[PDB]
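Descriptive analysis of the structure
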2 protein chains.
Amino acid sequence: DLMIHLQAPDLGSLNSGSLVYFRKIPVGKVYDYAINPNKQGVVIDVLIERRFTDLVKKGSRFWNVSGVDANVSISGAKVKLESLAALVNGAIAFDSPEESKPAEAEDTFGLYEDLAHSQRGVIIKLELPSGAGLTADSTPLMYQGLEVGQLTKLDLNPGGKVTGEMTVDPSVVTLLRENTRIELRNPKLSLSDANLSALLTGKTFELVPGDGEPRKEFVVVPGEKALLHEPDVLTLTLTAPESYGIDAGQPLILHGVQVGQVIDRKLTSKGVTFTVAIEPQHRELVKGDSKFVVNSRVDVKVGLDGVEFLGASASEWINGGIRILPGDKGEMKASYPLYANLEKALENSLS
Amino acid sequence: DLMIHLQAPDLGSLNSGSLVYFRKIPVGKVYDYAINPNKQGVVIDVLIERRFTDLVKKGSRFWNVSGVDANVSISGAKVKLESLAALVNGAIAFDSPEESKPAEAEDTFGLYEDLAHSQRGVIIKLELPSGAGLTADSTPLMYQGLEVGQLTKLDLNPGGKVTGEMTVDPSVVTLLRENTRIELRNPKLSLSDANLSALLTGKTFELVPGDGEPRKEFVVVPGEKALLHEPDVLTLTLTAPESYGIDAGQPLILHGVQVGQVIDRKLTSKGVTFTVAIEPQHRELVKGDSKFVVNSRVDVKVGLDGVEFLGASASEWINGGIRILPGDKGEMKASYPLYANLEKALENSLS
């Protein structure tokens, strides 16, 4: 027979004589349990039978299937009572990997508390902004709409630095590399597609791939800042003597289509300095010369023969933001002015 | 007696001596269980009685009815506890088909994990855009409002290519053919008919039939692109010097009625190029000559004797989009211009 040791943080629902399963086949039993010399953890030593000594490998993971948990899920709760023998007395199930040396001679093993905690994969360290809607073992990493990861740990390091970590499955592991971003998506209010499921999920880590050297630690920024952190982004610091009602997250518009987003608005003594970012599409477009016209304010002028509306439309007004007047050739200097309307941009009159 | 083998990925709630049912009549029992030589799967060999040897056919499917699962459903949860003997010890039920040879001599059988997984039908491979709201065994294929299929598998192939597969029942199988589209419907917000049920369901595969050679693999596109993929569609690439507030999914209007939809908006260095699509109704209508006028902007001109409103109405404005001025005869050239309003389209002045 084989006599191996398990290290658990507590005994759980396991009694002496409780049963050990492989593929839900009883292939052994729990022999004894004892507190190890330090009071910290409980060592449970089990006895795999003589026939099944070749099942237990060095790379095996043992997990605890004892009691029953009833999990209510959104849009219906499927609670299935699979195994009746585990409720009364407790059980330990285990997996056998493909290629590992067979274990022997009282080899220790960590005892995971659940099947979900004993999933294989790669630990990925994250430096989170805040843990406001993030949860331990409930926040997924989506990729192409599929669940790829699971936030497994969430800590508040000293200095007020929330960091967590994530198990991803091996498939995607080759996708993670340099300039590969993980940004958290808010469950944003969708008018065209009504999805209550997404609304109930909450915060959601989105993986967007890049190329380069494989890395294993990332920095998650807020969703607005994500554009700024993209690999090929162009960042213009544009000044203005007034905010003109332009918030931090207004869209930035060329020829009617959004080419960029405002990132942040900083108030100084000289005026209001914006920092806007630009997707690659308008990166090629700029050519070093442009004018920047506010779309946040409506303007109507009354006249006998002259009737004009300047700088806005009602839909434009709800979106707001900054309009681009592209030029032919320039050098992409550091600072640009923000003109109050279109005709002061044609007059080149920043006053 | 008959001694046949079942191959299951795990033993489940089955014990030795657990019972085998046909039409919920005990017609045998589980004799033994053993792990096969590879560690991958468990072989459970059962013993159908001597009377019932003619029941087991070659084309039989065995499924697992063991334990109990309580499924909460929307708009009320009907949880029925049908069979009490399966809870304590476990059971295997099986079906006998109409015309098959009777099985004998330790013939193997796959053991499905549920009655829903052991439904007959045809596997249909799908190349999905994303698996954002799609689920395994929860996403149906509607046809005429009835559940016809069930998305049974959802994978993330390398390269970021989500593909899944679907069991459809045999009836519809003759309906699937060439130019037969499967497009996913979003649970769109309905103002006239309030349906919370549809809202709770989420994504929904809609089957629309076509004619031709029978095919067994499809490509699902997004709902907006579906129009573009229809069998008799006419696609116009129309240019404009500005977006004029025309989004990617605006309706496209002839004589007040929607005849087409804008498909996508691409920003270039020359301007904004749209790609609109057309239903067969306006396919016959075009005759190779038309003018394209924006309906997204309001225009009011003030005058002593001349009062006119150009290009929009408030309802038109909420819908927005492109208006068609049909002509008598033409050749349907590749590129068309998008005029800013109606009078510049009558003046033939694209500047």
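Residues numbered from 1 in each chain as written, not as in the entry; some residues may be left out. Chains lettered and ligands numbered in written order. Part of a larger assembly, values for the part shown. Heavy atoms only, no water.

The deposited coordinates derive from cryo-EM, with the record listing a resolution of 2.96 Å.

As recorded by the PDB entry, chain A carries the name Intermembrane transport protein YebT and is attributed to Escherichia coli. Recorded in the entry header as its title is "Lipophilic Envelope-spanning Tunnel B (LetB), Model 4".

All names here are of chain B. Side chains of strand β17 (residues 251-254) alternate between two faces, with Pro251 and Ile253 and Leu252 and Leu254 buried alike. Bridge count for β17 against strand β18 (residues 257-267) is four bridges, and the pairing is antiparallel. Residue pairing across strands places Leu254 opposite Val257, the latter belonging to β18. Hairpin connection of β17 to β18: two residues between the antiparallel strands, including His255 at a positive phi of 55 degrees. The pairing of β17 with strand β23 (residues 322-326) spans two bridges and is classified as parallel. From the neighbouring strand, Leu252 faces β23, where its bridge partner is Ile322. (Buried < 20%, exposed > 50% of the residue type's maximum accessible area, 1.4 Å probe, protein only. Helix = DSSP H or I, 4+ residues; strand = E, 2+ residues; numbered from the N terminus. Pairing = 2+ DSSP bridges.)

To continue, consider the relation of the copies chain A and chain B. For the match of chain A to chain B, the screw axis carries a shift of 0.0 Å, the RMSD comes to 0.0 Å, and the turn is 60 degrees. The transformation relating the two chain copies, once decomposed into turn and shift, fits a six-fold axis. When C-alpha distances to the rotation axis are compared across chain A, the minimum falls at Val72 of chain A, with a value of 8.9 Å. (Least-squares fit on C-alpha atoms.)

Let's shift gears to the environment of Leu196 of chain A. Residues and elements named next belong to chain A. In this structure, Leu196 sits in helix α3 (residues 196-201). Judged by its relative accessible area of 39%, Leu196 is partly exposed. Residues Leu196 and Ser75 lie 121 residues apart in sequence; the distance between their C-alpha atoms is 9.4 Å.

If you walk through the whole model with that rule in mind, you get 19 salt bridges over all chains. Measuring nitrogen to oxygen at the nearest pair gives 3.9 Å for the salt bridge that ties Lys153 of chain A to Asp155 of chain A. When its relative accessible area of 41% is taken as the criterion, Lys153 of chain A is described as partly exposed. Of the charged contacts, one joins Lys58 of chain B and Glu104 of chain B as a salt bridge, the two residues approaching to 3.9 Å between their closest N and O atoms. Residue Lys58 of chain B is located in the loop between β4 (42-48) and β5 (62-64), and its partner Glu104 of chain B is located in the loop between β7 (91-94) and β8 (108-112); the two are separated by 46 residues in the primary sequence. In the salt-bridge network here, residues are joined through shared partners; they are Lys58, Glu104 and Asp107 of chain A. (Salt bridge = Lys/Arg side-chain N within 4 Å of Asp/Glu carboxyl O.)

Attention shifts here to the nonpolar core. Ranked by internal contacts, the top residues of the largest apolar core, which has 47 residues, are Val56, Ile92 and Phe94 of chain A together with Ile44, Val56, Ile92 and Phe94 of chain B. Listed in part, the 44 residues of the second largest apolar core include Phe292, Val294 and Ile324 of chain A together with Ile278 of chain B. (Core = buried A, V, L, I, M, F, W, Y, C linked by side-chain atoms within 4.5 Å.)

All names here are of chain B. Inspection of the entire model under this criterion finds eight aromatic pairs over all chains. On the numbers, 5.0 Å between centres and 25 degrees between planes, the contact of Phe62 with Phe94 is stacked. You can see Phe62 sitting in strand β5 and its partner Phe94 sitting in strand β7, a full 32 residues away along the chain. As far as burial versus exposure is concerned, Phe62 and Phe94 are alike and both buried. (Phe/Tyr/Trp six-rings, centres within 6.5 Å; stacked < 30°, edge-to-face > 60°.)

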